[PDB]
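The next block holds one structure in the form of structure tokens; read it before the comments.
In this analysis, Cβ positions are derived from the backbone assuming ideal geometry, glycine residues included, and neighbour counts consider all displayed protein chains. Just so it is clear, none of the values below were taken in a lab; they were calculated from the coordinates.
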Amino acid sequence: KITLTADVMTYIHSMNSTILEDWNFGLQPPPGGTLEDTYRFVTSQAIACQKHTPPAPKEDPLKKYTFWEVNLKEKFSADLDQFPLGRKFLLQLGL
Amino acid sequence: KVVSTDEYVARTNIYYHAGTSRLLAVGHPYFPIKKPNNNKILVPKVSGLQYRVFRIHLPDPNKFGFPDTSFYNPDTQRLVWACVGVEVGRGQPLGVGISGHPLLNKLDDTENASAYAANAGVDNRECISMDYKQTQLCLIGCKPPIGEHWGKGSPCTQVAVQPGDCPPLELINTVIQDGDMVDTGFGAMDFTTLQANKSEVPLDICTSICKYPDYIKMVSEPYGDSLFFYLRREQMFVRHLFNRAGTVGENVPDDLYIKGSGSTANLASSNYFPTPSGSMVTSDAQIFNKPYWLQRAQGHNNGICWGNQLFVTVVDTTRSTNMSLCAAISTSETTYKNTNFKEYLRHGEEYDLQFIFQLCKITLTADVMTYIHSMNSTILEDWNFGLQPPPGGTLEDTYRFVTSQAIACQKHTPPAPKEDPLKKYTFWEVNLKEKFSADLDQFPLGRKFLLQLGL
């Protein structure tokens, strides 16, 4: 996890914009903010669940190049015990 | 998930009284009197069977100018009006009306016959009258009442109905508007559309629609804004029994009798119908001129007159007596000349309302707001949140705020007044903006209520 404060953010951005851009910060309720604000927030926030799903997928910034693609999105697991590496690693570190 | 207003609504120790001076309405008991050629109603229809609906307007609490304003913080909440006490004033002396129709589709007394009925010629209708079902009722809410009734429901694309063919039915909900008709003892339906006959019921209702409070639905309401308080009192019985003249729509299955013979040979109409009769009225029966304390309500909304609005809906036959007034054409002839006198019919209604309201504040936080909005946008929209100084905000912000805020007092007063979202409908308007008071001691209800609660 990464607590995102100003400096933090900045540093990251400066380091590599994308990182943040890629992420998404769902609008949140402004602390102690003027009712007006809060209100508006609600509204906007409310009209944010219109089920409209038009999220234009970004483009591979390296489409140019080509290499062996390896999708893992559906291969993550917790009980490493069920895996060699897991076992090894696990035991290795111990805890 | 919904919740009782008590959750988000804060109750103050402030109470106010308000009530109409004395409402009065007079007109024709059966129909309006308008110019034959024209349409402008010289005289309006006025009967004890008209649904009395009141759009009670209240002054904006937040906009109201109070003595002390400490009790709450305008930077965190808004004020709302909450009714807690109401009394309905009925001024006319107890009495009964009576309606009918010169050519009601009456056939013959089915109650008891010596010998079989005659034969159906044409235009056998007659002039009759009656005393509809006795009904007392009233209800209140921040939203208007919704009636149910019967009507010609749209059909299916099949046998293109053969003229005369029986129409299909459909229960219909509708906003009970002021003046509408209450069940008379004939049910709730669009007599107009359902009875082409135009002589099945007394005139006063002939061309109209009898409505009934769709209590059920009203309560089923989650927020339950429709109505939070009410009480009904109806009763009636069979005065007479009659046969409906006309032609058989659906025939009697022979497997339910033995063929006639001679006079009997031919079947008489089986389509009977009764004469409603609201029995005698009594004082002890009375339901108005009594105070109602809306302390608790089984509904989620607890008398939160949102938008500073209100809906008192009443119905009372108990004082229906209409007076037959007659004027002569010539102060001469010492002999009664039927043609020397013009007969008229008039009915009047005396009303007067009064209530007690508790002031209420509502801390507006996110969830809060949301809930409200979700519940009913308007509420907030209607309110106004003057820009405020952002806490600890960047000087830049604060600054800008100032500017904007500053340029907000340019004396420019172009506030386009909103539009009645129910302009469509129409009912008895009741402005109270200038009738609120604190020293309830100066008022009956006040006294009563006051003492009643004690503190």
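Where the centre of each part is set by its Cα atoms, how far does the stretch B:78-153 sit from the stretch B:412-444, in angstrom?
Cα centres, the stretch B:78-153 to the stretch B:412-444: 32 Å.
Considering only B:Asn251, B:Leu103, B:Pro444, whose Cα is most displaced toward the positive end of the charge dipole of the protein assembly as shown, charges sitting on Cβ of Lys, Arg (+1) and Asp, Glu (-1)?
B:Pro444
Determine the alpha carbon to alpha carbon distance for each of B:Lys133/B:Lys217; B:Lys63/B:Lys423; B:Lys34/B:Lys435; B:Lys45/B:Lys198 and list only those over 29 Å.
In this structure, B:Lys34/B:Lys435 lie more than 29 Å apart at Cα.
Starting from the Cα of A:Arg87, step 7 Å along the direction of its Cβ; do the same at B:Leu345; then give the gap between the two resulting points in nm.
10.1 nm
Springs between alpha-carbon atoms under 10 Å, Gaussian network over chain A: tell me which of A:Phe41, A:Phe83, A:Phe67 tops the mean-square fluctuations.
Fluctuation is largest for A:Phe83.
Run the quick spin-label model on B:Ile329 and A:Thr66: label points 7 Å from Cα toward the beta carbon, then report their separation in nm to one decimal.
About 10.8 nm, to one decimal.
Please work out the ratio of the alpha-carbon Rg of the protein assembly as shown to 2.2 N^0.38 Å and round it to two decimals.
1.44
Nothing charged except the Cβ atoms of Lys and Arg (+1) and of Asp and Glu (-1): what's the magnitude of the dipole of chain A about its Cα centre? Round to the nearest 20 debye.
Numbers: 10 positive and 11 negative charges, 57 e Å.
Charge dipole of chain A: 280 debye, to the nearest 20.
Evaluate peptide A:27-37: per residue, the Cβ atoms of other protein chains within 10 Å of its Cβ; return the mean as an integer.
Mean inter-chain Cβ contacts per residue within 10 Å come to 5.
Between B:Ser21 and B:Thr264, 0.36 nm times their residue separation minus their Cα-Cα distance comes to what? Could the numbers behind the result be given before it?
Details: separation 243, 0.36 × 243 = 87.48 nm, distance 6.48 nm.
Fully extending the segment from B:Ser21 to B:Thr264 adds 81.0 nm.
So how far, in whole Å, is the C-alpha centre of the stretch B:172-212 from the one of the stretch A:1-27?
With the stretch B:172-212 and the stretch A:1-27 each reduced to a Cα centre, they are spaced 68 Å.
Using a Gaussian network model on chain A with a 10 Å cutoff between Cα atoms, which of A:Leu20, A:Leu80, A:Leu72 fluctuates the most?
Greatest mean-square fluctuation among the candidates belongs to A:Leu80.
Hey, what did chain B get for relative contact order, percent, Cα under 8 Å, at least 6 apart? Intermediate results must be reported in sequence, preceding the final value.
On the way: 885 pairs, mean separation 151.6, N = 455.
Across chain B, relative contact order equals 33 percent.
How much of the DSSP beta bridge set in chain B is antiparallel, as a percent to the nearest 5?
90 percent
Amide H neighbours of B:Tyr30 under 5 Å, at least 5 residues apart or on other chains, H built in the peptide plane: list them.
Placed amide hydrogens put B:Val46 under 5 Å from B:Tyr30.
Taking the dipole about the Cα centre of chain B, with the C-beta of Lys and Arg at +1 and of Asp and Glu at -1, give me whichever of B:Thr174, B:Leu94, B:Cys127 is farthest to the positive side.
B:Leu94
Build a GNM of chain A with springs between Cα atoms under 10 Å: which of A:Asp79, A:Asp22, A:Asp60 gets the top mean-square fluctuation?
A:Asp79
Using DSSP to define loop residues, name the GluC sites (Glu not before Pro) in the stretch B:303-410 whose beta-carbon has at most 12 other beta-carbon atoms within 10 Å.
Those that pass, being in a loop and sparsely packed, are B:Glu333.
So, with +1 on the Cβ of K and R and -1 on the Cβ of D and E, and no other charges, what is the size of the charge dipole of chain B about its Cα centre, to the nearest 20 debye? Show your work: numbers first, answer last.
Details: 41 positive and 46 negative charges, 189 e Å.
For chain B, the charge dipole is close to 900 debye.
With labels modelled as points extended 7 Å from the Cα through the Cβ direction, what inter-label distance (nm, one decimal) is found for A:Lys51 paired with B:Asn119?
Label at A:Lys51, label at B:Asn119, 6.7 nm between them.
Give the dimensionless ratio obtained when the Cα radius of gyration of chain A is divided by 2.2 N^0.38 Å.
1.68
Given Cα pairs under 8 Å that are at least 6 residues apart, what percent is the relative contact order of chain A?
Relative contact order of chain A: 10 percent.
Please compute the contact order of the stretch B:266-404 in relative form: average sequence separation of alpha-carbon pairs under 8 Å and at least six residues apart, divided by the residue count, as a percent.
14 percent
Please list the non-local residues whose amide H lies under 5 Å from the amide H of B:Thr318, H modeled 1.01 Å from N, same-chain partners needing a gap of 5 or more.
B:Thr135
Can you pull the mean other chain C-beta count within 10 Å for peptide B:360-371?
3
List the trypsin sites (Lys or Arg not before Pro) within the stretch B:57-101 that DSSP assigns to loop and that have no more than 14 neighbouring Cβ atoms inside 10 Å.
Loop-located and lightly packed - B:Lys63.
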